[PDB]
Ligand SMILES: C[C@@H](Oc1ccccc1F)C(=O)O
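Presented as structure tokens, the chain that follows is alone, the form deposited without the named molecule.
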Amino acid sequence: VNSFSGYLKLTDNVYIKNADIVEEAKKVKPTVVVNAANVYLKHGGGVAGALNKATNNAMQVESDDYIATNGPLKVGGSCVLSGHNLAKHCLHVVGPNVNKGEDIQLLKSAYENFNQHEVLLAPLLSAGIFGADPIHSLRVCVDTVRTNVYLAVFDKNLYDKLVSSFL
């Protein structure tokens, strides 16, 4: 049993809810919250900007030190950093950004990072301002992630379309 509440069960391991991931993280304090990161860990907008704002910019300060030491992530890659006030850990995962022309086949590689963690609170990778089709992102998630994933979908209209169209 875990603390996640109000989710619709899509599969054995994937759950979904219309929720603000920031508000969900603050309530649950999950072991892992996933950030929709870019390779520079520049948390300007979308999910990343919202998570970073909720940490009072501490996520960005930590991320800048990580990049200064290690250099940029790979598209499809990840790193584990602090979850600050939101979670124990933040798994920063880089899905491909269609608005930068990145290979959508890298979305499966991005979701494979989730398999290193038994339970996660996450957004749909490459959705929102990353430009991918969220229906596609949910299909790749279900077909790639084997660990238990709780997906937060900010937009109620999109949530209802994801559920209604789910195969």
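Start at 1 with the first residue shown and count on from there.
The form deposited with the named molecule bound exists for this protein as well; it is not shown, and the discussion that follows is about that form.
None of the heavy atoms of residue 149 is located within 4.5 Å of the named molecule in the bound PDB entry. Proximity of residue 14 to the named molecule in the bound PDB entry: non-hydrogen atoms within 4.5 Å are absent; the residue sits far from the partner.
With a 4.5 Å cutoff on heavy atoms, residue 127 counts as touching the named molecule in the bound PDB entry. In the bound PDB entry, at least one heavy atom of residue 158 sits within 4.5 Å of the named molecule.
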